[PDB]
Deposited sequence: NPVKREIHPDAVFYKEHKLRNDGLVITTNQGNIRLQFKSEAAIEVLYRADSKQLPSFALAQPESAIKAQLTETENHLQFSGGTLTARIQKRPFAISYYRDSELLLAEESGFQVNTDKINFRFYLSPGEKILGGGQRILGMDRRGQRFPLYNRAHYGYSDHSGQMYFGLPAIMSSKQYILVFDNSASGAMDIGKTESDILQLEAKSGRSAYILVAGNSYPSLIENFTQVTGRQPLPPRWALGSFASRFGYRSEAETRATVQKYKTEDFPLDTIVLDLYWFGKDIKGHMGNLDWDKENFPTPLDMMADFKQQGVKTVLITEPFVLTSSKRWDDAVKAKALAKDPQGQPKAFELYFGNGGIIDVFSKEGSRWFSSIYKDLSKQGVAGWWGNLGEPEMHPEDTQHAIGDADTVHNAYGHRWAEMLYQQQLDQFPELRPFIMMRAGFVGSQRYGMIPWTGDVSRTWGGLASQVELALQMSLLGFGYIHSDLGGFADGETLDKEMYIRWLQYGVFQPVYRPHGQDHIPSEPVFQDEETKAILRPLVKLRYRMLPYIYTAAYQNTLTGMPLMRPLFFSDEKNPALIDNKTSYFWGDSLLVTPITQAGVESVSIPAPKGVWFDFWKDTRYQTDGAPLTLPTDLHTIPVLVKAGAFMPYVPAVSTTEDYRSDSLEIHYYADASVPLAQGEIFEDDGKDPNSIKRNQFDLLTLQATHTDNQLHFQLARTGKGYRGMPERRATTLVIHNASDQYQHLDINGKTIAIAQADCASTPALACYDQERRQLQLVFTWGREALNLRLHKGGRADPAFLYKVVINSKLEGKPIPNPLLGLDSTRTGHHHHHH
């Protein structure tokens, strides 16, 4: 039994007193509120909030039975007796406390009937997690396939079909019960830690996500090279093997930006060496030369590191001496028995641990390392009596990887202010995207079921802040022989998901260059396609930095008033314009694609489909997976290069999918130097915009460029615009007032400036796109 006693306004926050204690309500923006219970007491600080100190001016009003605390769009309605807070956007009820806060830490809320709930981070349970209960304790799930209640990267957060996100801003071992035990109750629980939640509201899913990343953090633009081709396995055993792999990409004509070194870079065995954090010189004898030789070919080197220092490692005595390891209650370094052997964990929450670990990353980065892979950050083993500077293991567990990322990000920015950090990690917390975290879905089995789960995992993580969530392409764990069809399908899917990193245990090759002739003939043009599409992908990345819009978007974005689409995990959007349906079983001869109402083109064949609502059935083939292009799309391409270090946009090729059903369309292409972390902040970019206006007798394109440019930006780009489904009735083209005849023959066979191909229904315009505005008008 709880009731309101009294309140006050202090530094813009509402502090309420009940019979049980203080409750602090601070608006972190007009659409987001932090509710801290036990506000009087000492607690762990917020991990989820980018600006935990902020509180914007809100309006407070009082009635007999209630208080009302409001920002722009979000309102807290505080019932006094009994005490219960509920939340409104306009006058629409978003979420209501049932018992609310109790004692262990426990929050209880009502779920509305029919409300669907996404959330929890990585689980394989279905997109709507209502009816499920699961722990909040990051933990490995080696060899998962088609089911998991608990894996590497949980998030104490949910997204509802009422268009709110609720964050449990707590780092401890806990649980979430989403109307499982009691059908109308959402229950959040933890053994300890901060007793706070954060509610964020939005008018649409895009703007919900914008509001969420506003308060939790925006991912800084990764380096363009993160969108390229990675060579990775577990693991290259030597410098010779690593050089041979870079050579294999060159001799097989596959693009390659980055080679990834797993744990053999620091010792010859899986066990016994972890914590060395230095080169195994028997097997990597000249590593500075190795890395420099790779940079000459435009190839970056990424190294694996882990949180654990073994007692057999060369750095045990030094870490103990520096007080860098987590301790037992007696105050000594805690040691425990990992797979790898007996060892400790670096205390990233301490000053000494942070300085010690940072110094090692600084040293190796000085040697030539371009980026970093932090594995086992759950932490994979984390005994409960381990003591970190700010709490015990069970209290801090779900924030360890988050602080690891923060530490490393700040260190990389301090060492290289002019470069974008690359940080790939397996486990984090809400807001870890602000430290550049690029997560992957862990040790997936080499099975169709492991592939079939990747879209679900990717969308769940994308929706709550993680644009660059990806998988070990081709699968990671076990297998005795390559499943060639599954491998091909996983790497085709790869092209249309955030990071192109095939990776597997090295008894079966993960890299496409080591595959048979048929597999390489299929995949080589697709990996080249990934490079030709960099302007599309990099522009979606730019949008993710600006607004949190994920790269992969769920089918349900296409119709916000049809909540049944929330269940789909088999088709998704890659950027604005491509509806992708990965093939996730062997021998599938056709697929039924639940395309939204409108006009759609076969990405591979140019075929036009119109649909009222009924799904489209497309046949399948082994060389592609089904991709449809939305009418009104602008798809930008550049020529394929071997490495993004060679990237040029001097030549553009843009494909516009015309249909009279889309009278107005827009596209953009974001160009910058691909490496400067301050490019967007300082407007050191070239933002190309394109607008189409499509009426009965004309098709008009308006082209423009903004921003201050960047060093090496071409002043003039040779541009080929290919208009698919173009009317055969266009008589002439006006370019900036200058009339040009449209040729009706020999388009492919003459240096034609405007040419209509009657057999393909494609009108091709070739022109120079300079810094001034350009208008292209086609008239019947």
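Unmodelled segments of the deposited chain, in sequence order: 1-10, 114-116, 794-835.
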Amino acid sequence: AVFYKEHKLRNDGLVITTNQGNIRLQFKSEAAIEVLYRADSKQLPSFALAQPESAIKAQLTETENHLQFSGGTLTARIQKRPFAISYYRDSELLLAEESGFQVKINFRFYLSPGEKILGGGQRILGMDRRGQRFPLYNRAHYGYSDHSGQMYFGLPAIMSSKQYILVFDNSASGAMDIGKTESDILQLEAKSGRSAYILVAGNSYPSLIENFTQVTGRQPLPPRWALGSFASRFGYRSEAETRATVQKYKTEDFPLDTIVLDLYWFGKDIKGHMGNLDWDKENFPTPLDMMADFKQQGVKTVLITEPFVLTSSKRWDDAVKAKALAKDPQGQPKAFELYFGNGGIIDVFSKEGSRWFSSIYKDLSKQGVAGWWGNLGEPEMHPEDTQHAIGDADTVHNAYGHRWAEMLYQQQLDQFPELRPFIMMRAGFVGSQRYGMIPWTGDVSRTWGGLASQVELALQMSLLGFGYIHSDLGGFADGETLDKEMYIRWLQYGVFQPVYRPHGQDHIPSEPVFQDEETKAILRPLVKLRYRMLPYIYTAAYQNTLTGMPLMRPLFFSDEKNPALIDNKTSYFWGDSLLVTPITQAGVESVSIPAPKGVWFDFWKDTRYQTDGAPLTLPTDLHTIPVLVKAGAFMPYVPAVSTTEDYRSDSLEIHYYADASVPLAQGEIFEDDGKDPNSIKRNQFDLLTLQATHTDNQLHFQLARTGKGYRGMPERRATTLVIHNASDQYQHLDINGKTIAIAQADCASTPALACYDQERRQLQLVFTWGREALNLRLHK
From here on, numbers count along this sequence of modelled residues.
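Relative to its counterpart among 298-306 and 195-203, 195-203 has the higher mean temperature factor, C-alpha atoms as listed in the PDB entry.
Checked against the record, the higher mean CA B factor of 154-162 and 73-81 lies with 73-81. Remark: of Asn736, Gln59, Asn725, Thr720, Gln59 shows the highest value [criterion: C-alpha B-factor in the PDB entry].
Of the candidates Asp686, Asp612, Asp257, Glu653, the one whose C-alpha carries the top B factor in the deposited record is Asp612. Annotation for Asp676: CA B-factor lies in the middle third of the chain's modelled residues. Per the deposited record, the Cα B-factor of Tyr87 falls in the highest third when ranked against the other modelled residues of its chain.
Sort the modelled residues of the chain by CA B factor and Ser183 lands in the highest third. Ranked by Cα temperature factor within the chain, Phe476 sits in the lowest third according to the deposited record.
In this PDB entry, the Cα temperature factor of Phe266 sits in the middle third of its chain's modelled residues.
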